[PDB]
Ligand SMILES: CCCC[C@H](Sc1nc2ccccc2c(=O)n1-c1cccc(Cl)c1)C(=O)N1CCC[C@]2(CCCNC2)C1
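In C-alpha cells, one chain follows: the form deposited without the ligand.
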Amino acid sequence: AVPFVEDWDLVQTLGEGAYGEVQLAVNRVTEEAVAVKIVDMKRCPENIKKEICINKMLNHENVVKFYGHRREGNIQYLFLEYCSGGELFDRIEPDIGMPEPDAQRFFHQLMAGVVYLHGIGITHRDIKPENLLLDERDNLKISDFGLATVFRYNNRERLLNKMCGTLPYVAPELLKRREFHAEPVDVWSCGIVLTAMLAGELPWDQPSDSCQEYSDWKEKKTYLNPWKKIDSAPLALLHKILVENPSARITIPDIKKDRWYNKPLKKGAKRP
C-alpha cells in the first residue's frame, strides 16, 4: 500500500572489487540501510548463481543476511545486510594486532558462524579478516559466499579437489593432496585469522615446506616474530589448530573445550 516503499537510493560506494562494486542503499521511506552487490555477468554466469543459491539457505546472526536478488538485464543485484563497522581487517593494528579480549569475542562469534555453516553442509573456503564484517554493535558477520560450496548433502560427505581461497589462509593439504575434507580447511583459516588478530601479522605467504616461516613453526620455533607476541594460552590453541595433518587437526567441538576459548577476559557493553 505504501507508494514509495520499494525505492532505494544509492548513497555512496562501499568498495570496488573484481566482480564489480558494493554500494550503500538507503530506503526512500523507512531510511533503512542495506548493501547492494553489483556483479557484471557479461564482464561470470556460473560463480554468481551458486552464490545466490547458497545465500538463500543461510539464516544466522553471525552470517551476513540475504534479503533478495534482482536481475535487471545483465547486471545482478545482491541485496545484503549492511555492516557499518566495516571489515575486521581494519580493526587489526599492523604488527601489534588487537586487545586479547576483543580477539576472543571475535573468535567466539566466528566459531558460531562456522559451526552453523558446517552444520548445514556448506564450507566458506575463503575465511579471512577482509571477509569478516562488523555491524553497528561490533558483531562479527561472515560475508562473501562466492567461493563457498556444498560439502555435505543427504548426510553424505563430498571430498573437495578444487584449489581455492587465499594463499596465506590456505591449509597445507589443499596444496599437497588431490582430495581433502572441507571442515579442517575452514578450521585452519580460522587459526590464521586468530594469529592475525593477536600478532598483527601473517605467519607465512603459504603453508609449504619451501616456506622458511612455515618450516620454523613445524620445528616449534615459537620464539620467532608472530608466536612470541601471542601468549601461552591462545598459542596453545594455535598449536592445535595449525597442525599439518588435517586428520590430527583439532575440530570445532574440541576448540569449544579449549582453555583460552573458555577463559574469562571480556566485559560487556559500556555500563549497559
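All residue numbers are counted from 1 along the displayed sequence.
A second form of this protein, the form solved in complex with the ligand, is not displayed here; the remarks below concern that form.
Only one segment in the set 128 to 136, 157 to 165, 105 to 113, 174 to 182 has any non-hydrogen atom within 4.5 angstroms of the ligand in the entry with it bound, and it is 128 to 136.
In the entry with it bound, every residue of the candidate spot (89, 92 and 204) has a heavy atom lying within 4.5 Å of the ligand. A residue is said to contact a partner when one of its heavy atoms sits within 4.5 Å of a partner heavy atom; residue 190 fails this definition for the ligand in the entry with it bound, lying far away. Within this chain, residue 170 is remote from the site of the ligand in the entry with it bound, having no heavy atom within 4.5 Å. In the entry with it bound, the ligand lies within 4.5 Å of some heavy atom of residue 200.
Contact between residue 196 and the ligand in the entry with it bound is found at the 4.5 Å heavy atom cutoff.
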